[PDB]
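Report on the structure given below.
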Amino acid sequence: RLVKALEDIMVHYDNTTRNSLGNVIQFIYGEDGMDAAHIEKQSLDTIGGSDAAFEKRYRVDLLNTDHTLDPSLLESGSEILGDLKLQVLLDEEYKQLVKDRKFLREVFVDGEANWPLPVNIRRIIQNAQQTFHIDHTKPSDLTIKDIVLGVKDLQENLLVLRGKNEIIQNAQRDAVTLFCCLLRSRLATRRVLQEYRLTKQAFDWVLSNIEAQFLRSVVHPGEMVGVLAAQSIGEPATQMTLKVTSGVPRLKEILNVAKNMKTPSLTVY
Amino acid sequence: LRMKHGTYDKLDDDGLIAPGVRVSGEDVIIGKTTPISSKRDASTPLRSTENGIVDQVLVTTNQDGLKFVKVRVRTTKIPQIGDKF
Amino acid sequence: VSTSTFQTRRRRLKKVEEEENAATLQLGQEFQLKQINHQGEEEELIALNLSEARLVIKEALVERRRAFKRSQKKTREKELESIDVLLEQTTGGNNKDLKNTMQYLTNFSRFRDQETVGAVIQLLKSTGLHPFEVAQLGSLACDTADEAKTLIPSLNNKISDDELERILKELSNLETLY
Amino acid sequence: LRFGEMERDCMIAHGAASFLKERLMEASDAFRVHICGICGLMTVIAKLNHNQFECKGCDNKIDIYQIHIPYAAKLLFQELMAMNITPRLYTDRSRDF
Amino acid sequence: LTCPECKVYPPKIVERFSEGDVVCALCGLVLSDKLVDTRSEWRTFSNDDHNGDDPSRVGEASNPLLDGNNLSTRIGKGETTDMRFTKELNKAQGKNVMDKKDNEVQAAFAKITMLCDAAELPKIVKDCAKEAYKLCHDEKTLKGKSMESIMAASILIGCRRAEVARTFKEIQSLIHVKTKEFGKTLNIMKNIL
Amino acid sequence: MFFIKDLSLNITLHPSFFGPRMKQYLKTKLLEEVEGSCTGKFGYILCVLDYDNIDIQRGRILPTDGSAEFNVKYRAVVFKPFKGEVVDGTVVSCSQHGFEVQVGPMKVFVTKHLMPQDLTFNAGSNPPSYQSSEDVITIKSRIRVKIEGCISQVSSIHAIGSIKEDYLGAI
Amino acid sequence: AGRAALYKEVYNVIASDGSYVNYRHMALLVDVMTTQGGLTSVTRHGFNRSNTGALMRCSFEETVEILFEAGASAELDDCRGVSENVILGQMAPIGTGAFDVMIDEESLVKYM
Amino acid sequence: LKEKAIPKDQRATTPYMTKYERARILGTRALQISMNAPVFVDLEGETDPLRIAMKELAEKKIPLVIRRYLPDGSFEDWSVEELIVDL
Amino acid sequence: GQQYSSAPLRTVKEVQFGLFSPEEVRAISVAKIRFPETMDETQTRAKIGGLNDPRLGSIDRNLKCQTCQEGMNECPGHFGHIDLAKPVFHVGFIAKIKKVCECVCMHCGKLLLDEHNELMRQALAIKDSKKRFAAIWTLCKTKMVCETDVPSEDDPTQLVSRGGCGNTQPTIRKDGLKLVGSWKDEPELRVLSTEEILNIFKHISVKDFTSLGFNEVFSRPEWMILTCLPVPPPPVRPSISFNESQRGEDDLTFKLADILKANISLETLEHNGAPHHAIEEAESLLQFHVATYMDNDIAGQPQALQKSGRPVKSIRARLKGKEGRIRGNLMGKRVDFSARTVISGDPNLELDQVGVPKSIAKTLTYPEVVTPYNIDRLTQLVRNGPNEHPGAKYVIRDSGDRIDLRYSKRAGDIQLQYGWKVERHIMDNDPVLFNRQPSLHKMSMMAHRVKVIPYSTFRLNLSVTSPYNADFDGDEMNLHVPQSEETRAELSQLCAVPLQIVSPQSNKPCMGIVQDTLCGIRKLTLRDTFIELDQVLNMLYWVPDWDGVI
Ligand SMILES: [Mg+2]
Ligand SMILES: [Mg+2]
Ligand SMILES: [Zn+2]
Ligand SMILES: [Zn+2]
Ligand SMILES: [Zn+2]
Ligand SMILES: [Zn+2]
């Protein structure tokens, strides 16, 4: 019944999900426009911990002697102190990071940080280190401008939807929302320079891979999506080995949309 | 008409193989024709997937008296790969 | 593999609809005057008078000989002999239909030159009669408004008897003296 | 051996459109019928040798098409007609989408 | 069939059933691609199915030699059935029973069937007695012979062929036999090829 | 009459032909199939115009066999006769039943009945002809006919004509 | 909010067995069940009573009855559904069949 | 209607080749090569029509265009030469 | 093969469903169908000009199929017709016929409700024809009068006269396969005759029936009542002439002989002195046999039974279930170029590989096309013959003429030509489709690399057991051999085992290290586990990828 129901549902050339009638089921596949085989559980960070710890990890105050990036971190570090023009780039950087923090706490109310997303940023950074032989004792060639704007630019290039119209562009922006939260959290100025210790050559490569991998992750028009969803729910229901009605006999109730249901309850908070 | 691609040679004039002859797939065990006119071939071949030696052959008649023949084919099955225990 | 047209039609399952072809200018569903270009634009029906048809086929076949010699890189009685040469170079040789068509046009054309053919095309186009009528007017040689209106019933009140008489006087003068 | 409904589901779920077609036609059924283009029936009297067609009833000897469909489909269609249902097949569209 | 490629008088052609082809043994050319299992095809007409569950069992066998061309279907009580309609429809079939003098002479078969079961005779004997009778009953050679003794004579004609031994005195007692009459009727039929 | 018609034919090419001389083979195949044909729908497809500007288009590759199908759009000169059309032509045959008139690619049969009163079949003539006091119609003469009716036979179009009415016949 | 409750409920059946199915699959099912405006059942009188192809609907549960009504309703199957092209023994518009392949003369002549 | 043909500039699909396109392309070309079609690459002693098609694909010497049909009936034609192979 | 046709090859784009016009049923027909006798032109061996082939379809390895000739493997079958003595309701539409009668005025033919009624004007507005008919019905099933005088859409002070006839409407009810009315001290109750219903239906306006969901061209209400019966050609209802005293006829052939017998009887009854009640009796019997042939499993009605007690396999019955023409013959089907045997695990095989017993490989085939690449190798296979493993079974010429390599005397000699196909044995590295049933998810069917091996089992790597749900406790699996260069790409490109490692089902790998390997991998890894040189060298060399560096 699941197969025969979701039979005709497929991804179309406009990243949409329709049936044999052209009726829109989903506007962008799986809300995000991604192929599930290219997804991985990844830590969101920004979401958790004390406000105090977050300010430590992300805040960069080139105008404050103790909260500036120590010149052990970058060549630029000595001449970076009290740079008014640059601090505006960082103030904007951190602003966006706190905006992301309040937001994610609104999306995942309980505060769960481990969500499946495409592109394993952790492993990309691991590989950049393993490859370029990153010296964890020498100051990076990266500029605040090199980092700040590079991450800004990479965001623009992570397209799921191409389309000159506003509706499509908004649709595009909305689908990348969550992933960009991950990207921003991971590629923060302090984090890149302090935690990762990346070079300009290393960082540029890190961005380059993020782009190609992201694009590679996006769904393919033609994906039989519906039959997939049906088989993906169907198969594990077979694996189900049997005071609320649960498992196979309850799945039955749901699919039939049975009005006279076995264990009716209401959780009063 | 419509003869089997198999070998009729193992049959003696009685349309039967003598017990003792070693058989093989598609080989004819019972030679039979349903005359309609000259005649069709309603012969009985050994199951293709099989082989062996003819064990016993019995000729008889039933309650009403129809000539019928029964053929026993003996094989020795030796344990092999896909075999279940 | 049956050769298709430039227009769409609703398969109402009821084949039964097809009406006859006449001198009520009730030509086929194909041959109706408001027709469509391969470029999709609505253009008017192209019916040719012989002479016009003869120059068309002739020109067409000459362009073809060129094309064939290009790919090879890597008096009236005299015309009858000449066309038979061109056909044995440009056509399948099996084109008995076209070989007769050409013998016919070479023998039945009133206007030889392209200049003359245009002068007919000009003089006849003020009339604004169906493209079928102008072709018949260029092919059938008439001396009276009646001859014309009889052989071409389609006309009848489309043109004046006297106005049509002027057209005929001009076409007889334009007629080539072979 | 049965290439059934569920096996079909998997070939679709993969995206192998041609392997499905192969298994359903070439590797099994695979039949050729001539259909009239006026009514969508397989009532053409195709005389292949003489290159003569004709669906009388539409009195059509011109508007004929040859289709490659499974024999069991030809059966279903003939069974639908036996029961007064007309499963008219067309080689042209008339709807958009 | 015969091979176009070669053509030697006796056409040595093989049926490669498992590979599903009719092939010319001499040249190798396959003459036919479509081949049917006859035995399995016959099993859609005659089968284990009495229940009517089998999607394979789609037909029914008949005996042209005896039944002729009479294809008929019982109107009977099914799972859901109001007995009213079964009666109505069968009542209707009764009025439509206006069968010929010979379409009513199939009741002479019903006699032989009742006479064989009483004589403890096999199915094959009936199908032979019903055969010989169906061929001689209309005969001029037989004419006005004792109709009761003509069908009893066909029972011995059936028993002689099916090798089922029965004495004239046995069949004589089974129905009623005027010895000279049922000996004369058994000879005109025996003469009828 | 004698029209120029915008027509399109579907030609199916085998992959061994997917070489540089592709277009050449297709424009050739169009001329093989189309040129010199006869359909009731269009009449005599006589001459394919603009051999250089013949449009091959793209070829949809079929999914079972590797072959590709193209809808070749071309312009041609067609000949379709109509009931009521007055036509000039030549006598090509002459029996006791009437005569045939060749008009371009097609013949028109004038039955001995749609003929003037006194013009009658004379067999003593050489070749036999139709002999009036003021007309002789035989095996080589020019005639003006009126198409009375057409008979569509998908390979050829036959017609029946008249010379009875005014302004028709000998020319 | 119904769609949300329905996702939650299905998700919870999968999570009771300690299994996990990626969000999107259960989303798609739930999205289907609701896009109608109400809760459409994955049953013969639910999903199968939509206005899809007749040959599509007949392949599941109501076969003949769907086909009689399709006949009397003078229904038209545009053959977009996978089911229809399978019955017809044609290349389905799915995956490899979701597009069309053509040859270009221009580029052929360019390459060789 | 053939108005449904979306112009070159104004195309909106992925500039990348779908797993399905590439699979059909390789399958199509490999079929054509086995059908005895001319090959558009120097086969460096190659024999397998798939391995051959993959060489054609990798050298971007395949004269085939993918007509991507859109849910409304519209379509976008993309040459294998232009499409990006990243899979 | 199957002979060439000049007709243009096209693909079915649309399926126009509909009902048969009795005029169309007659128009198609190639034969009259006058006799309830099959063949036997009385004790003969041929088809009578009355039931199967009275000008009909072809069977019996004989061309004779009316000019068409063709015979069995080319002829689709041609439809005949049976002309019914009186009209009968089509079983399927008795329901709708009742619902149409309840909508329309009996004897008048007009729709009971108008554009004048407020709630009807709403119903008539419905876009879905199916949803529209439901709405129209609910409102006018309660309308028990064909109105003539109706109040205007201005004020009810002046009544605008609509369509005529001011008759009472019957309270229509189903009683068997008959429709019974009741017109309102005690009502008038009688049976509505198929004849009336039909004439009343013909009288329904185009606009009226069009609102009821019907269509002026393909499906009119009048066509819901049968008059002319399409007689299916034998390929639909097969016959088998066994041994001259044994003949097998299809249930449908029996049922048609009943329709005809019934029809012939009623014809005689109507022709002769019509005794009314004797005719309506004969009618309901014809109504049954006709009904019962399309659907035998009718509620309330008795069943058509074949002597054996077996109920007749109706047309409905055949299409019906899972095993029915749709589910069992179209959505699914057994196929050629398929194999099944027991499965066993091989720790020595590769993940993507499948072990194939030589016997299977020697039976299963690939039709490789002759090109100047494979030309020499294919000749060698043809030369090797079908008996030896690396070889070929059949050679297919340009013509379509196929040659059985086990019968050609000049086997090795065959001068092969480009374009000729050589059906060769399945070889090592050929891509095959592997499948364990129940095929529950896309990973239950994956493409594998052949490894022709000894012994009667399909050998597979264990890490592949997980998605197939296989155990070597006597389980069997299926193989499917692609026959095209295109289909093998679909296999190698989208279905191949390596492409299935990380699954979209739960964004994680669907295959891992299992059983022995899993058990031993822990044991090998403990801090106590120490290997000495002798065994280190052997282990290192066991890794096929090893860099040769100790
Ligand atoms: Mg298992
Ligand atoms: Mg297990
Ligand atoms: Zn037709
Ligand atoms: Zn031979
Ligand atoms: Zn036939
Ligand atoms: Zn009324």
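Chain lettering (A, B, ...) mirrors the order of the structure tokens, residue numbering begins at 1 for each chain separately, and ligand numbering begins at 1 in order of display.
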query: Any idea what's packed within 6 Å of residue 74 of chain H, counting only C-alpha atoms, ignoring anything in its chain fewer than 3 positions away? Could you give it as a list in words?
result: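 Residues meeting the cut-off are residues 4, 5, 69 and 70 of chain H.
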Keeping only N, CA, C and O atoms, write the selected residues as a CSV table (one decimal), in the first residue's frame.
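Printed below is out-v5.csv as written:
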chain,number,residue,atom,x,y,z
H,4,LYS,N,7.3,25.3,-26.1
H,4,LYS,CA,7.7,24.7,-24.8
H,4,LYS,C,9.2,24.5,-24.7
H,4,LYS,O,9.7,24.2,-23.7
H,5,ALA,N,9.9,24.8,-25.9
H,5,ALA,CA,11.4,24.7,-25.9
H,5,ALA,C,11.9,26.0,-25.2
H,5,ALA,O,11.8,27.1,-25.7
H,69,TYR,N,12.8,17.1,-19.9
H,69,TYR,CA,11.4,17.5,-19.8
H,69,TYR,C,11.0,18.0,-18.5
H,69,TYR,O,11.3,17.3,-17.5
H,70,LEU,N,10.4,19.2,-18.4
H,70,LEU,CA,9.8,19.8,-17.2
H,70,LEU,C,8.4,19.4,-16.9
H,70,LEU,O,7.7,19.0,-17.9
task: Give the residue list for ligand 2 at 7 Å, counting only C-alpha atoms and all ligand atoms, as a list in words, sorted by chain and then by residue number.
output: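 So, counting only C-alpha atoms and all ligand atoms, the residues near ligand 2 are residues 469, 470 and 471 of chain I.
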Kindly save the residues from that selection, with C-alpha atoms included, as a PDB file, in the first residue's frame.
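So again-v5.pdb came out as:
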ATOM      1  CA  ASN I 469      18.423 -10.897   4.202  1.00  0.00           C
ATOM      2  CA  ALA I 470      20.144 -14.111   3.266  1.00  0.00           C
ATOM      3  CA  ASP I 471      21.341 -17.064   5.408  1.00  0.00           C
TER       4      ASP I 471
END
- request: Please give me, as a PyMOL selection string, the residues lying within 12 Å of ligand 1 when counting only C-alpha atoms and all ligand atoms.
  value: chain I and resi 342-344+436-438+444+465-477
message: Please find the residues contacting ligand 6 at a distance of at most 8 Å between atoms, with only C-alpha atoms and all ligand atoms counted, and report them as a PyMOL selection string.
response: chain I and resi 105-112+145-147+163-167
message: Would you mind listing, as a ChimeraX atom specification, all residues of chain E that have at least one atom within 7 Å of chain I, where only C-alpha atoms are what counts?
response: /E:25-30,45,50-52,58-65,69-78,80-82,85-86,89,92,96
task: Mind checking which residues fall within 6 Å of residue 91 of chain D, counting only C-alpha atoms, ignoring those fewer than 5 positions away in the same chain, and posting them as a ChimeraX atom specification?
output: /I:10-13
Restrict the distance test to only C-alpha atoms, flag each residue of chain G within 7 Å of chain H, and return the flagged residues as a tab-separated table (two decimals) with C-alpha atoms, in the first residue's frame.
chain	number	residue	atom	x	y	z
G	95	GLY	CA	15.29	7.83	-13.70
G	96	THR	CA	16.91	7.01	-17.10
G	99	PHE	CA	14.53	12.70	-20.13
G	100	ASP	CA	15.25	12.14	-23.84
G	101	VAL	CA	18.46	11.60	-25.84
G	102	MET	CA	19.04	13.12	-29.33
G	103	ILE	CA	21.96	13.33	-31.83
G	104	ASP	CA	23.15	16.71	-33.06
G	107	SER	CA	28.56	18.59	-33.20
G	108	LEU	CA	28.89	15.18	-34.92
G	111	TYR	CA	34.09	15.92	-33.66
G	112	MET	CA	34.65	13.95	-36.90
- prompt: atom CA of residue 33 of chain I and atom CA of residue 277 of chain I, how far apart in Å?
  reply: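 Separating atom CA of residue 277 of chain I from atom CA of residue 33 of chain I is a distance of 27.7 Å.
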message: Would you pick out the contacts of residue 14 of chain I at 10 Å or less, using only C-alpha atoms, so that residues sharing its chain but fewer than 5 positions from it are not included, and give the list as a list in words?
response: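 Contacts, with the query itself left out: residues 40, 87, 88, 89, 90, 91, 92, 93, 94 and 95 of chain D; 76, 77, 78, 79, 80 and 84 of chain G.
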- line: Between atom CA of residue 148 of chain I and atom CA of residue 203 of chain I lies a distance of 17.5 Å
task: For atom CA of residue 32 of chain A and atom CA of residue 117 of chain A, determine how far apart the two atoms are, in Å to one decimal place.
output: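 Rounded to one decimal, the two atoms are 9.4 Å apart.
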- request: Could you list the residues in chain F lying within 9 Å of chain H, using only C-alpha atoms, and format the result as an NGL selection string?
  value: :F and (14-19 or 58 or 61 or 63 or 65-67)
- prompt: Could you list, as a ChimeraX atom specification, every residue of chain D that has an atom within 10 Å of an atom of chain H, counting only C-alpha atoms?
  reply: /D:14-18,96-97
Mind writing the picked residues with C-alpha atoms as a short mmCIF file (atom, residue, chain, number, x, y, z; two decimals), in the first residue's frame?
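Wrote it out as out12.cif, contents follow:
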data_model
loop_
_atom_site.label_atom_id
_atom_site.label_comp_id
_atom_site.auth_asym_id
_atom_site.auth_seq_id
_atom_site.Cartn_x
_atom_site.Cartn_y
_atom_site.Cartn_z
CA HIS D 14 16.85 2.31 -8.76
CA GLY D 15 15.92 4.25 -11.91
CA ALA D 16 16.76 1.48 -14.45
CA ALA D 17 13.87 2.29 -16.82
CA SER D 18 15.30 0.23 -19.75
CA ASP D 96 -0.71 19.48 -22.46
CA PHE D 97 1.52 18.40 -19.39
#
For residue 74 of chain B, work out the shell of residues within 7 Å, counting only C-alpha atoms and skipping chain neighbours fewer than 4 positions away, then give it as a PDB file with N, CA and C atoms, in the first residue's frame.
ATOM      1  N   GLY B  52      20.613 -42.002 -13.971  1.00  0.00           N
ATOM      2  CA  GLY B  52      20.751 -43.226 -13.193  1.00  0.00           C
ATOM      3  C   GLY B  52      20.677 -44.513 -13.999  1.00  0.00           C
ATOM      4  N   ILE B  53      20.263 -45.616 -13.333  1.00  0.00           N
ATOM      5  CA  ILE B  53      20.120 -46.965 -13.899  1.00  0.00           C
ATOM      6  C   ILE B  53      18.663 -47.394 -13.658  1.00  0.00           C
ATOM      7  N   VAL B  54      18.038 -48.085 -14.640  1.00  0.00           N
ATOM      8  CA  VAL B  54      16.669 -48.594 -14.533  1.00  0.00           C
ATOM      9  C   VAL B  54      16.678 -49.750 -13.515  1.00  0.00           C
ATOM     10  N   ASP B  55      15.869 -49.628 -12.454  1.00  0.00           N
ATOM     11  CA  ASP B  55      15.832 -50.578 -11.340  1.00  0.00           C
ATOM     12  C   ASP B  55      14.907 -51.768 -11.526  1.00  0.00           C
TER      13      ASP B  55
END
With 10 Å as the cut-off and only C-alpha atoms counted, what is the closest atom pair between each nearby residue of chain G and chain I? Distances in Å to one decimal, ordered by chain and number, as a tab-separated table.
residue	atom	partner	partner_atom	distance
G:19	CA	I:506	CA	9.2
G:20	CA	I:506	CA	6.3
G:21	CA	I:506	CA	4.9
G:22	CA	I:506	CA	4.8
G:23	CA	I:506	CA	8.6
G:24	CA	I:505	CA	9.5
G:25	CA	I:505	CA	7.9
G:51	CA	I:128	CA	9.0
G:53	CA	I:15	CA	9.2
G:54	CA	I:17	CA	8.7
G:55	CA	I:326	CA	8.8
G:58	CA	I:326	CA	7.8
G:59	CA	I:327	CA	6.0
G:60	CA	I:327	CA	7.9
G:61	CA	I:321	CA	7.9
G:62	CA	I:320	CA	8.1
G:63	CA	I:320	CA	6.1
G:64	CA	I:316	CA	6.4
G:65	CA	I:92	CA	7.6
G:67	CA	I:17	CA	8.3
G:68	CA	I:92	CA	6.6
G:69	CA	I:93	CA	8.4
G:70	CA	I:17	CA	6.1
G:71	CA	I:18	CA	4.0
G:72	CA	I:219	CA	5.6
G:73	CA	I:214	CA	5.7
G:74	CA	I:18	CA	4.5
G:75	CA	I:17	CA	5.2
G:76	CA	I:16	CA	4.7
G:77	CA	I:15	CA	4.9
G:78	CA	I:14	CA	4.7
G:79	CA	I:14	CA	5.9
G:80	CA	I:13	CA	8.5
G:83	CA	I:331	CA	7.3
G:84	CA	I:15	CA	9.3
G:85	CA	I:12	CA	8.5
G:86	CA	I:331	CA	6.5
G:87	CA	I:330	CA	5.2
G:88	CA	I:12	CA	7.4
G:89	CA	I:330	CA	8.4
G:90	CA	I:11	CA	7.5
G:91	CA	I:11	CA	9.4
G:95	CA	I:494	CA	9.9
G:96	CA	I:490	CA	8.2
Write the residues of the selection above to a file with N, CA and C atoms, as a CSV table (one decimal), in the first residue's frame.
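Final output, selection.csv:
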chain,number,residue,atom,x,y,z
G,19,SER,N,14.8,1.5,15.6
G,19,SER,CA,15.2,1.7,14.2
G,19,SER,C,15.3,3.2,13.9
G,20,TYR,N,15.8,3.5,12.8
G,20,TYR,CA,15.8,4.9,12.3
G,20,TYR,C,15.7,5.0,10.8
G,21,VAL,N,14.8,5.8,10.3
G,21,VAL,CA,14.5,6.0,8.9
G,21,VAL,C,14.7,7.5,8.7
G,22,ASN,N,15.6,7.9,7.7
G,22,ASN,CA,15.9,9.3,7.5
G,22,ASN,C,14.6,10.1,7.2
G,23,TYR,N,14.5,11.2,8.0
G,23,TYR,CA,13.4,12.2,8.0
G,23,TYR,C,12.6,12.3,6.8
G,24,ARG,N,13.2,12.5,5.6
G,24,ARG,CA,12.6,12.8,4.4
G,24,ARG,C,11.6,11.7,3.9
G,25,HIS,N,11.9,10.4,4.1
G,25,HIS,CA,11.0,9.3,3.8
G,25,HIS,C,9.7,9.4,4.5
G,51,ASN,N,-7.5,11.2,-8.4
G,51,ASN,CA,-7.8,11.3,-9.9
G,51,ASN,C,-6.6,11.2,-10.7
G,53,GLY,N,-4.3,8.0,-13.1
G,53,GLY,CA,-4.6,7.1,-14.3
G,53,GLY,C,-5.4,5.9,-13.9
G,54,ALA,N,-6.3,5.5,-14.8
G,54,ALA,CA,-7.2,4.4,-14.5
G,54,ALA,C,-6.5,3.1,-14.3
G,55,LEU,N,-5.5,2.9,-15.2
G,55,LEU,CA,-4.6,1.7,-15.3
G,55,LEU,C,-3.7,1.7,-14.1
G,58,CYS,N,-6.1,0.7,-11.0
G,58,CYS,CA,-6.6,-0.7,-11.2
G,58,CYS,C,-5.5,-1.7,-10.8
G,59,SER,N,-4.2,-1.3,-10.9
G,59,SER,CA,-3.1,-2.3,-10.5
G,59,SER,C,-3.2,-2.6,-9.0
G,60,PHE,N,-3.8,-1.7,-8.2
G,60,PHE,CA,-4.0,-2.0,-6.8
G,60,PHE,C,-5.4,-2.1,-6.4
G,61,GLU,N,-5.8,-3.2,-5.8
G,61,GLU,CA,-7.1,-3.4,-5.2
G,61,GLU,C,-8.5,-3.2,-6.0
G,62,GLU,N,-8.7,-2.2,-6.9
G,62,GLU,CA,-10.1,-2.3,-7.4
G,62,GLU,C,-10.3,-2.7,-8.9
G,63,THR,N,-9.2,-3.1,-9.6
G,63,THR,CA,-9.1,-3.5,-11.0
G,63,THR,C,-10.3,-3.2,-11.8
G,64,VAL,N,-11.2,-4.2,-12.0
G,64,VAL,CA,-12.4,-4.2,-12.8
G,64,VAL,C,-13.4,-3.1,-12.7
G,65,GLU,N,-13.8,-2.8,-11.4
G,65,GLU,CA,-14.7,-1.8,-11.0
G,65,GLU,C,-14.3,-0.4,-11.4
G,67,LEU,N,-12.1,0.1,-13.9
G,67,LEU,CA,-12.1,0.0,-15.3
G,67,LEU,C,-13.5,0.1,-15.9
G,68,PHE,N,-14.6,-0.4,-15.2
G,68,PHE,CA,-15.9,-0.2,-15.7
G,68,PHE,C,-16.3,1.2,-15.6
G,69,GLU,N,-16.1,1.8,-14.4
G,69,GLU,CA,-16.3,3.2,-14.1
G,69,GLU,C,-15.5,4.1,-15.0
G,70,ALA,N,-14.2,3.7,-15.4
G,70,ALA,CA,-13.4,4.5,-16.3
G,70,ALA,C,-14.0,4.5,-17.7
G,71,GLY,N,-14.7,3.4,-18.0
G,71,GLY,CA,-15.3,3.3,-19.3
G,71,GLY,C,-16.6,4.2,-19.4
G,72,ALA,N,-17.4,4.1,-18.4
G,72,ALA,CA,-18.7,4.9,-18.3
G,72,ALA,C,-18.4,6.4,-18.1
G,73,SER,N,-17.2,6.7,-17.5
G,73,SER,CA,-16.8,8.1,-17.2
G,73,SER,C,-16.1,8.7,-18.4
G,74,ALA,N,-15.8,7.8,-19.4
G,74,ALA,CA,-15.0,8.2,-20.7
G,74,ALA,C,-13.7,8.8,-20.3
G,75,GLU,N,-13.1,8.4,-19.2
G,75,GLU,CA,-11.8,8.8,-18.6
G,75,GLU,C,-10.6,8.7,-19.7
G,76,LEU,N,-9.6,9.6,-19.5
G,76,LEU,CA,-8.4,9.6,-20.3
G,76,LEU,C,-7.1,9.4,-19.5
G,77,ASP,N,-6.4,8.4,-19.8
G,77,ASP,CA,-5.1,8.2,-19.1
G,77,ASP,C,-4.0,8.8,-19.9
G,78,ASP,N,-3.4,9.8,-19.4
G,78,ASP,CA,-2.3,10.5,-20.1
G,78,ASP,C,-0.9,9.8,-20.1
G,79,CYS,N,-0.9,8.6,-19.4
G,79,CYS,CA,0.2,7.6,-19.3
G,79,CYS,C,1.5,8.3,-18.8
G,80,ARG,N,1.4,9.0,-17.6
G,80,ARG,CA,2.5,9.6,-17.0
G,80,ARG,C,3.0,8.6,-16.0
G,83,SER,N,3.1,2.8,-13.6
G,83,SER,CA,2.2,1.6,-13.8
G,83,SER,C,1.7,1.5,-15.3
G,84,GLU,N,1.2,2.6,-15.8
G,84,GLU,CA,0.7,2.7,-17.2
G,84,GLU,C,1.8,2.2,-18.2
G,85,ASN,N,3.0,2.8,-18.2
G,85,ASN,CA,4.0,2.4,-19.1
G,85,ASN,C,4.5,1.0,-19.0
G,86,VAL,N,4.4,0.4,-17.8
G,86,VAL,CA,4.7,-1.0,-17.5
G,86,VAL,C,3.7,-2.0,-18.2
G,87,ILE,N,2.4,-1.6,-18.0
G,87,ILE,CA,1.2,-2.4,-18.6
G,87,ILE,C,1.4,-2.3,-20.1
G,88,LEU,N,1.8,-1.1,-20.7
G,88,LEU,CA,2.1,-0.8,-22.1
G,88,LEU,C,3.4,-1.4,-22.6
G,89,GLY,N,4.3,-1.8,-21.7
G,89,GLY,CA,5.6,-2.3,-22.0
G,89,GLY,C,6.4,-1.3,-22.8
G,90,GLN,N,6.6,-0.1,-22.2
G,90,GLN,CA,7.2,1.0,-22.7
G,90,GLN,C,8.2,1.5,-21.7
G,91,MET,N,9.1,2.4,-22.2
G,91,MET,CA,10.1,2.9,-21.3
G,91,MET,C,9.5,4.0,-20.4
G,95,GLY,N,13.8,7.9,-13.7
G,95,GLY,CA,15.3,7.8,-13.7
G,95,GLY,C,15.8,8.1,-15.1
G,96,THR,N,16.4,7.1,-15.7
G,96,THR,CA,16.9,7.0,-17.1
G,96,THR,C,15.8,7.4,-18.2
- request: Run DSSP on the backbone and give me the residues of segment 1-90 of chain F it puts in strand (DSSP E or B), as an NGL selection string.
  value: :F and (3-13 or 37-39 or 43-49 or 55 or 59-61 or 68-79 or 86-90)
Determine, for each residue of chain C having at least one atom at most 10 Å from an atom of ligand 3, the closest pair of atoms and their separation in Å to one decimal, counting only C-alpha atoms and all ligand atoms; order by chain and ascending number, as CSV.
residue,atom,partner,partner_atom_place_in_ligand_line,distance
C:13,CA,ligand 3,1 (Zn),8.3
C:14,CA,ligand 3,1 (Zn),9.6
C:15,CA,ligand 3,1 (Zn),8.7
